[PDB]
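# Structure assessment
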Protein chains: 2
Amino acid sequence: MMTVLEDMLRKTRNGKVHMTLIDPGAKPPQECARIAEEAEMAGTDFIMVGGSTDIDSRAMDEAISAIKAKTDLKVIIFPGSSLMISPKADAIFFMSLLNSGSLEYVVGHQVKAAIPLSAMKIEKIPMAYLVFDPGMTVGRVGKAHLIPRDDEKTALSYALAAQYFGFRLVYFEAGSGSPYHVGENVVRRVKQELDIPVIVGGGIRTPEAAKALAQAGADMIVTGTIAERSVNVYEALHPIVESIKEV
Amino acid sequence: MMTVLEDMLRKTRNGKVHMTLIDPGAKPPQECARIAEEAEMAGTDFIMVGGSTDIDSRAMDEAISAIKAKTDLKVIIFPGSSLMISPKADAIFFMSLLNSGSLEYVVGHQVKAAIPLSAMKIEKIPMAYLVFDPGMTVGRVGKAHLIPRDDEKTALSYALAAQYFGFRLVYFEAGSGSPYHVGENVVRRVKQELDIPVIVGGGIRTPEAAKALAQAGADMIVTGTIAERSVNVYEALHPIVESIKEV
Ligand SMILES: O=P(O)(O)OC[C@@H](O)CO
Ligand SMILES: O=P(O)(O)OC[C@@H](O)CO
């Protein structure tokens, strides 16, 4: 059985990946499952679960099981400060907010969660989490020293340090519900010098933005707000997934 | 040509590694080369260059070239705060002091050095740097929240988080010239749960301590003080290298 990381590396070697992020604290459990259902048929590759609204540990296990019961896609935990570790998920982004001003979001929370994670068979995927302007809630809670959306040099420094630290993915985060996404010149410049896949999330609502970011060099595209706030998830996500595969 | 990391992983799969650390700021350049010379014939596998005494960039290039001129061993930079990056070295431990109280030693200095390092063909080896009691100078300068030498749980948390972050090596550091080395129970407990090689340095002066730590599960042993402060380096290091290969 292929791991999620092997799956991503294979899918991104000559293609692009779309991922659907679902905030379990923003909707009831079976509403989350319906979103993941329609996301799967829109063509999404993985379901991400996480967000800013704080979670009940009893409630997140419900939403993950509801998603895995209605879909056959792998579910990856997109963790926050809440120690959102649950045994019912397939993988977890073991991430570090590299440009945070607080040790707790760079290494602190991850060290506390390490031993409990070692007791689970959940897959641990090392990922660098870079928060760009405007950052929204995650940039506020994470105490992020926000990278300007067009700052190629600062993004390159963090992305290169991520690769040299051994991280297998790097995530360019503009913040959930951000009006702007990360600049394409930043994605373009980093893709010239980096050997690990680049994931872009935050502010991607339209196929045109998803395609422009993929054409800029982004290997994976994450959409969260546009999937949780559309009354028909399929007709919102399907054109985004399609425009990404054109690249 | 094999990389240093591939070399270490091959040497540690069914054997142990000894490394000799040389402080370039503690001795003149050709005295450093003589130490590396006698260390090579004592049987050491790699030369490490670095330390606490602050370095002149002009002076460290001298010591590295002097070592590489007299020895055929690979030289790895053991960096401090000084941005000790030099083009004449074979590799650099791209390390993070995970238990530091300052962001600059966890991620700060490494982000600043990332782009200059990308312009060099020097090999970047991802390593987690864990500073144990008493820590000595590196624990003071690094603002380390010192891990007790027998604290299995705290060491396991940091070592596991290192592996889940993608680090390829973890370094148990007691401090240069420390009277005590890391407890063997800590090495023993971590070696049960970890998939990356464990390197132990600090306070290892005798073959008995080097052998006891290797028998405890340590994959690599670093000796610095005993090599720089012995008038005959060979007769000090040769029994240490031999007692390690018995394991
Ligand atoms: O909700 P959006 O704006 O699509 O962002 C997705 C993800 O990057 C937020 O954590
Ligand atoms: O000098 P010693 O005590 O051998 O320690 C080696 C290294 O761990 C110090 O940085």
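Residues numbered from 1 in each chain as written, not as in the entry; some residues may be left out. Chains lettered and ligands numbered in written order. Heavy atoms only, no water.

Looking at the PDB entry, chain A carries the name Geranylgeranylglyceryl phosphate synthase, with the source organism given as Thermoplasma acidophilum DSM 1728. Its official PDB title, as written in the record, is "Crystal structure of (S)-3-O-geranylgeranylglyceryl phosphate synthase from Thermoplasma acidophilum in complex with substrate sn-glycerol-1-phosphate". Chain A has a UniProt comment under Catalytic activity that states "sn-glycerol 1-phosphate + (2E,6E,10E)-geranylgeranyl diphosphate = sn-3-O-(geranylgeranyl)glycerol 1-phosphate + diphosphate". The annotation that UniProt attaches to chain A under Sequence similarities is "Belongs to the GGGP/HepGP synthase family. Group II subfamily." (UniProt positions renumbered as here; feature names shortened; annotations may be inferred.)

## Structural notes on the interface of chain A and chain B
Every contact between the two is made by 29 residues of chain A and, on the other side, 29 residues of chain B. Summed over the shared surface of chain A and chain B, the number is zero salt bridges. Applying the counting rule to chain A against chain B returns zero residue pairs in polar contact. Of all the elements, helix α4 (residues 103-118) of chain A adds the most residues to the side of chain A that touches chain B, at nine residues. Here the residues of the side of chain A that touches chain B sort into 18 nonpolar, eight polar and three charged. (Contact = heavy atoms within 4.5 Å. Salt bridge = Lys/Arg side-chain N within 4 Å of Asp/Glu carboxyl O. Polar contact = N/O pair within 3.5 Å; in protein donor to acceptor, adjacent residues only side chain to side chain. Helix = DSSP H or I, 4+ residues; strand = E, 2+ residues; numbered from the N terminus. Nonpolar A, V, L, I, M, F, W, Y, C, P; charged D, E, K, R; others polar.)

## A short note on the side chain of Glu 173 of chain A
Residue and element names in this part refer to chain A. Among the secondary structure elements, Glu 173 is positioned in strand β6 (residues 169-173). With no salt bridge to any partner, buried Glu 173 finds its closest opposite charge in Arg 205, at an N-O distance of 11 Å. Sequence-distant contacts of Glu 173, defined by excluding residues within four places in its chain, comprise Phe 78, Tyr 129, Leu 130, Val 131, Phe 132, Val 138, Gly 201 and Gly 202. (Buried < 20%, exposed > 50% of the residue type's maximum accessible area, 1.4 Å probe, protein only. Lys, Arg positive; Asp, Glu negative; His and termini not counted.)

## Let's talk about the UniProt feature "binding site: sn-glycerol 1-phosphate" in chain A
Residue and element names in this part refer to chain A. Within this structure's numbering, the places UniProt gives as "binding site: sn-glycerol 1-phosphate" are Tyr 171, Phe 172, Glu 173, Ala 174, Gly 175, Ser 176, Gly 177, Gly 202, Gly 203, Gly 224 and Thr 225. Within the fold, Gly 175 resides in the loop between β6 and α7 (184-193). Judged by relative accessible area, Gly 175 falls into the buried class, the value being 0%. Beyond its immediate sequence surroundings of up to four residues, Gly 175 is in contact with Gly 135, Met 136, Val 138, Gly 202 and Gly 203. In this view, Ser 176 contacts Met 136 and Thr 225; residues no more than four positions away in its chain are not counted.

## Side note on unusual backbone geometry
All names here are of chain A. Here the amide bond leading from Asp 133 into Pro 134 is cis, since omega sits at 0°, within 30 degrees of zero. Locating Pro 134 in the fold gives a position in the loop between β5 (123-131) and α5 (136-141). The phi angle at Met 136 is positive, at roughly 55°, despite the residue not being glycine. Tracing the backbone shows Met 136 in helix α5. A relative accessible area of 31% means that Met 136 is categorised as partly exposed.

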